[PDB]
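What follows is a short report on a single structure.
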Amino acid sequence: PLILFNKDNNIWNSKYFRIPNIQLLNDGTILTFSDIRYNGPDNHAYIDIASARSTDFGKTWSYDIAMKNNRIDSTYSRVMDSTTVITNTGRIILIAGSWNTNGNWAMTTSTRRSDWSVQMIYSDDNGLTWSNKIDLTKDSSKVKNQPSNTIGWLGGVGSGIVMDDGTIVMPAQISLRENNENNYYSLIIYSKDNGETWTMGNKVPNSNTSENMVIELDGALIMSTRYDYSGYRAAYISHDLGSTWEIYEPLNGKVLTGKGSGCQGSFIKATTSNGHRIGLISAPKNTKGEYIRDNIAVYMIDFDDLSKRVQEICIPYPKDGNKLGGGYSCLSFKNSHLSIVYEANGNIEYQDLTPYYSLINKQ
């Protein structure tokens with residue numbers, strides 16, 4: 001596997017890389033992102049977000065800094081946990097959480113986190129140049145239906161989707177102040193104006209849910225979310241663009257995540273040659289438990305053949321993750337090509353999983 005972001009050899013001399021992201025462009029361009037964790041693996045540290053671009057199918061990469069933190073705190077200023085999407089116009093949107101203090105983003109403060117904000121950048125030139133950082137939460141002109149008891153929120157860490165009519169849907173996670181407690185939930189946000197303004201959906205029926213991704217299936221939204229301390233990835237379905245949610249049985253609890261806290265994963269849809277709509281999930285098996293997060297595997301479900309059980313297709317990273325921070329992955333499928341980026345002992349590796357999709361396509 002090619003080392004995309006190397007902790008031992010990078011142009012920023014960063015000691016650690018975390019939270020990968022990948023987008024397969026329509027013309028074959030591969031666009032990837034990752035946290036630039038300069039001082040180490042800690043989440044509450046000095047972090048920017050990088051971009052690696054390839055015009056030769058992953059052989060050579062051009063590196064840049066897509067987003068910088070607010071530059072306020074040389075120790076804690078950070079923009080992190082990227083959530084990306086490609087609109088129908090080709091516009092590439094990146095959504096990230098922004099902080100500059102110490103402490104968990106969801107549990108530290110009992111009121112709205114003062115240094116918290118959601119920053120968004122977009123590129124109209126296929127990832128060559130990026131726009132200015134646009135604050136989505138400093139006022140109320142960009143995001144509608146933001147709960148008043150919001151401690152903070154950010155993207156679902158991964159990739160969004162585009163509906164039939166062109167509506168962009170982004171996975172999201174929110175922390176809410178409810179009855180002297182801080183409960184965090186998963187949900188979605190959507191934009192009908194190419195990402196200029198957004199409307200916030202409602203929370204999923206269960207707390208302790210966070211990082212997630214949604215797919216579109218015949219107008220509905222099917223979510224595969226991180227369900228902490230449940231041992232599995234939860235799944236919900238929505239028929240009103242994320243306003244109401246029901247448990248999606250065919251996927252709920254099917255992907256096990258081992259003991260301890262959950263872990264981020266990716267959930268994308270692919271349409272095989274026989275017309276079937278399949279779901280591809282990447283997540284560590286975590287058979288060794290807790291934050292070890294071993295064996296980043298790729299699972300498959302056939303929505304048009306739901307009697308067939310979820311299949312383990314391959315394990316792109318059949319090793320233990322680093323307990324300091326690992327296990328995150330992101331899949332991207334476009335034009336019968338499948339690619340993955342994942343964390344690998346402080347590094348970010350890349351793989352082309354297209355031959356495995358060809359085994360699925362049965363052509």
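Chain lettering (A, B, ...) mirrors the order of the structure tokens, residue numbering begins at 1 for each chain separately, and ligand numbering begins at 1 in order of display.
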Could the residues of segment 18-96 of chain A that have an atom at most 8 Å from segment 342-355 of chain A be listed as JSON lines, each with its closest atom pair and the distance in Å to one decimal, counting only C-alpha atoms and ordered by chain and ascending residue number?
```
{"residue": "A:18", "atom": "CA", "partner": "A:343", "partner_atom": "CA", "distance": 6.4}
{"residue": "A:19", "atom": "CA", "partner": "A:343", "partner_atom": "CA", "distance": 7.2}
{"residue": "A:20", "atom": "CA", "partner": "A:342", "partner_atom": "CA", "distance": 6.0}
{"residue": "A:34", "atom": "CA", "partner": "A:348", "partner_atom": "CA", "distance": 7.9}
{"residue": "A:41", "atom": "CA", "partner": "A:346", "partner_atom": "CA", "distance": 7.5}
```
At a cut-off of 9 Å, can you tabulate as JSON lines every residue of segment 47-95 of chain A near segment 169-182 of chain A together with its closest atom pair and the distance in Å to one decimal, using only C-alpha atoms and ordering rows by chain then number?
```
{"residue": "A:83", "atom": "CA", "partner": "A:170", "partner_atom": "CA", "distance": 7.6}
{"residue": "A:84", "atom": "CA", "partner": "A:170", "partner_atom": "CA", "distance": 8.0}
{"residue": "A:85", "atom": "CA", "partner": "A:170", "partner_atom": "CA", "distance": 7.6}
{"residue": "A:95", "atom": "CA", "partner": "A:170", "partner_atom": "CA", "distance": 8.9}
```
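Running DSSP on the backbone gives strand (DSSP E or B) for these residues within segment 33-92 of chain A: residues 33, 34, 35, 36, 37, 47, 48, 49, 50, 51, 52, 53, 54, 62, 63, 64, 65, 66, 67, 78, 79, 80, 81, 82, 83, 84, 85, 86 and 92 of chain A.
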Write out, as a short mmCIF file (atom, residue, chain, number, x, y, z; two decimals), in the first residue's frame, the residues just selected, with N, CA, C and O atoms.
```cif
data_model
loop_
_atom_site.label_atom_id
_atom_site.label_comp_id
_atom_site.auth_asym_id
_atom_site.auth_seq_id
_atom_site.Cartn_x
_atom_site.Cartn_y
_atom_site.Cartn_z
N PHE A 33 -7.93 14.19 1.84
CA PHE A 33 -7.66 15.13 2.92
C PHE A 33 -7.24 14.35 4.16
O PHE A 33 -7.42 13.13 4.25
N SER A 34 -6.69 15.08 5.13
CA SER A 34 -6.27 14.50 6.40
C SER A 34 -5.94 15.62 7.37
O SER A 34 -5.58 16.73 6.96
N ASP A 35 -6.05 15.31 8.66
CA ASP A 35 -5.63 16.25 9.70
C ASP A 35 -4.12 16.35 9.72
O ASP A 35 -3.42 15.33 9.68
N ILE A 36 -3.60 17.57 9.79
CA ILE A 36 -2.17 17.80 10.03
C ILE A 36 -2.02 17.98 11.53
O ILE A 36 -2.12 19.08 12.06
N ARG A 37 -1.76 16.87 12.23
CA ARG A 37 -1.58 16.90 13.68
C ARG A 37 -0.09 17.06 13.94
O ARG A 37 0.66 16.08 14.03
N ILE A 47 -3.80 21.68 14.94
CA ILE A 47 -4.16 20.88 13.78
C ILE A 47 -4.61 21.79 12.64
O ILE A 47 -5.41 22.70 12.84
N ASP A 48 -4.08 21.53 11.44
CA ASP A 48 -4.63 22.02 10.18
C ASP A 48 -5.07 20.81 9.36
O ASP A 48 -4.83 19.66 9.73
N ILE A 49 -5.72 21.08 8.22
CA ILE A 49 -6.22 20.03 7.34
C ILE A 49 -5.51 20.14 6.00
O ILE A 49 -5.51 21.20 5.38
N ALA A 50 -4.92 19.03 5.56
CA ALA A 50 -4.16 18.98 4.32
C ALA A 50 -5.02 18.47 3.17
O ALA A 50 -6.16 18.04 3.35
N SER A 51 -4.43 18.52 1.98
CA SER A 51 -5.06 17.99 0.78
C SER A 51 -3.98 17.34 -0.08
O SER A 51 -2.92 17.94 -0.30
N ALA A 52 -4.25 16.13 -0.55
CA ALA A 52 -3.37 15.43 -1.48
C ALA A 52 -4.14 15.14 -2.75
O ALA A 52 -5.21 14.53 -2.71
N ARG A 53 -3.59 15.57 -3.88
CA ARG A 53 -4.27 15.50 -5.17
C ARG A 53 -3.44 14.69 -6.15
O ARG A 53 -2.22 14.86 -6.23
N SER A 54 -4.10 13.80 -6.89
CA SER A 54 -3.44 12.94 -7.86
C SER A 54 -4.16 13.03 -9.19
O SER A 54 -5.39 12.90 -9.25
N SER A 62 0.18 15.76 -5.21
CA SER A 62 0.51 17.15 -4.93
C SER A 62 -0.15 17.54 -3.61
O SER A 62 -1.35 17.31 -3.42
N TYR A 63 0.63 18.13 -2.71
CA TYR A 63 0.19 18.39 -1.35
C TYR A 63 0.00 19.88 -1.12
O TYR A 63 0.72 20.72 -1.67
N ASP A 64 -0.99 20.21 -0.29
CA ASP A 64 -1.32 21.59 0.04
C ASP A 64 -2.08 21.60 1.36
O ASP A 64 -2.53 20.56 1.85
N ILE A 65 -2.20 22.79 1.94
CA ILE A 65 -2.99 23.00 3.15
C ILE A 65 -4.34 23.57 2.72
O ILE A 65 -4.42 24.72 2.27
N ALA A 66 -5.39 22.76 2.85
CA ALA A 66 -6.71 23.19 2.41
C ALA A 66 -7.35 24.17 3.39
O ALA A 66 -7.98 25.15 2.97
N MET A 67 -7.20 23.93 4.69
CA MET A 67 -7.77 24.80 5.70
C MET A 67 -6.82 24.93 6.88
O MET A 67 -6.22 23.94 7.31
N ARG A 78 -7.36 24.43 16.19
CA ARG A 78 -7.49 23.24 15.36
C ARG A 78 -8.73 23.34 14.49
O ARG A 78 -9.80 23.77 14.94
N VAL A 79 -8.58 22.95 13.22
CA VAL A 79 -9.68 22.61 12.34
C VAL A 79 -9.48 21.16 11.94
O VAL A 79 -8.41 20.79 11.44
N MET A 80 -10.49 20.32 12.18
CA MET A 80 -10.27 18.88 12.15
C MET A 80 -11.55 18.16 11.74
O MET A 80 -12.62 18.75 11.61
N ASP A 81 -11.40 16.84 11.54
CA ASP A 81 -12.51 15.92 11.28
C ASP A 81 -13.32 16.36 10.06
O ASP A 81 -14.44 16.86 10.15
N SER A 82 -12.71 16.14 8.90
CA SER A 82 -13.24 16.65 7.64
C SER A 82 -14.44 15.83 7.17
O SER A 82 -14.47 14.60 7.30
N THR A 83 -15.43 16.53 6.62
CA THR A 83 -16.56 15.92 5.92
C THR A 83 -16.69 16.61 4.58
O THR A 83 -16.85 17.83 4.52
N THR A 84 -16.61 15.84 3.50
CA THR A 84 -16.54 16.38 2.15
C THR A 84 -17.70 15.89 1.30
O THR A 84 -18.45 14.98 1.69
N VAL A 85 -17.85 16.51 0.13
CA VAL A 85 -18.89 16.14 -0.82
C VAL A 85 -18.57 16.78 -2.17
O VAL A 85 -17.88 17.81 -2.23
N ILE A 86 -19.04 16.18 -3.25
CA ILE A 86 -18.92 16.73 -4.59
C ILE A 86 -20.32 17.01 -5.10
O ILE A 86 -21.12 16.08 -5.30
N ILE A 92 -16.56 21.05 -4.86
CA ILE A 92 -16.09 20.20 -3.77
C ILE A 92 -16.17 21.00 -2.48
O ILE A 92 -15.47 22.00 -2.32
#
```
Inset, instruction - For residue 233 of chain A, list every protein, DNA or RNA residue within 8 Å, evaluated using only C-alpha atoms, and leave out those in the same chain fewer than 6 positions away; present the list as a PyMOL selection string. - result: chain A and resi 224-227+252-257+262
Inset, instruction - For segment 105-121 of chain A, list every protein, DNA or RNA residue within 7 Å, evaluated using only C-alpha atoms, and leave out those in the same chain fewer than 3 positions away; present the list as a ChimeraX atom specification. - result: /A:93-101,130-138,150-152,154,175,177,182,184
Residues from the last selection, C-alpha atoms, saved as a PDB file, in the first residue's frame:
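For reference, again-v4.pdb as written:
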```
ATOM      1  CA  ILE A  93     -17.241  21.214  -0.279  1.00  0.00           C
ATOM      2  CA  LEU A  94     -15.287  20.561   2.923  1.00  0.00           C
ATOM      3  CA  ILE A  95     -16.846  20.962   6.378  1.00  0.00           C
ATOM      4  CA  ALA A  96     -14.726  20.856   9.532  1.00  0.00           C
ATOM      5  CA  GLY A  97     -15.017  21.641  13.218  1.00  0.00           C
ATOM      6  CA  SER A  98     -12.996  24.502  14.680  1.00  0.00           C
ATOM      7  CA  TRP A  99     -11.788  25.004  18.252  1.00  0.00           C
ATOM      8  CA  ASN A 100      -8.865  26.525  20.131  1.00  0.00           C
ATOM      9  CA  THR A 101      -9.164  25.310  23.759  1.00  0.00           C
ATOM     10  CA  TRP A 130      -9.993  26.786  -2.296  1.00  0.00           C
ATOM     11  CA  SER A 131     -12.227  29.670  -1.270  1.00  0.00           C
ATOM     12  CA  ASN A 132     -12.141  31.622   1.975  1.00  0.00           C
ATOM     13  CA  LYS A 133     -13.217  29.937   5.190  1.00  0.00           C
ATOM     14  CA  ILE A 134     -16.954  30.511   5.663  1.00  0.00           C
ATOM     15  CA  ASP A 135     -18.193  30.420   9.258  1.00  0.00           C
ATOM     16  CA  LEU A 136     -21.456  28.462   9.337  1.00  0.00           C
ATOM     17  CA  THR A 137     -22.243  29.086  13.023  1.00  0.00           C
ATOM     18  CA  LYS A 138     -21.046  32.600  13.930  1.00  0.00           C
ATOM     19  CA  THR A 150     -26.639  23.172  21.099  1.00  0.00           C
ATOM     20  CA  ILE A 151     -23.300  22.587  22.801  1.00  0.00           C
ATOM     21  CA  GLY A 152     -21.635  22.166  19.402  1.00  0.00           C
ATOM     22  CA  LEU A 154     -19.723  19.184  13.147  1.00  0.00           C
ATOM     23  CA  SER A 175     -24.087  17.705  21.223  1.00  0.00           C
ATOM     24  CA  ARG A 177     -27.805  20.087  26.635  1.00  0.00           C
ATOM     25  CA  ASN A 182     -24.669  16.463  27.581  1.00  0.00           C
ATOM     26  CA  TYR A 184     -24.631  13.743  21.559  1.00  0.00           C
TER      27      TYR A 184
END
```
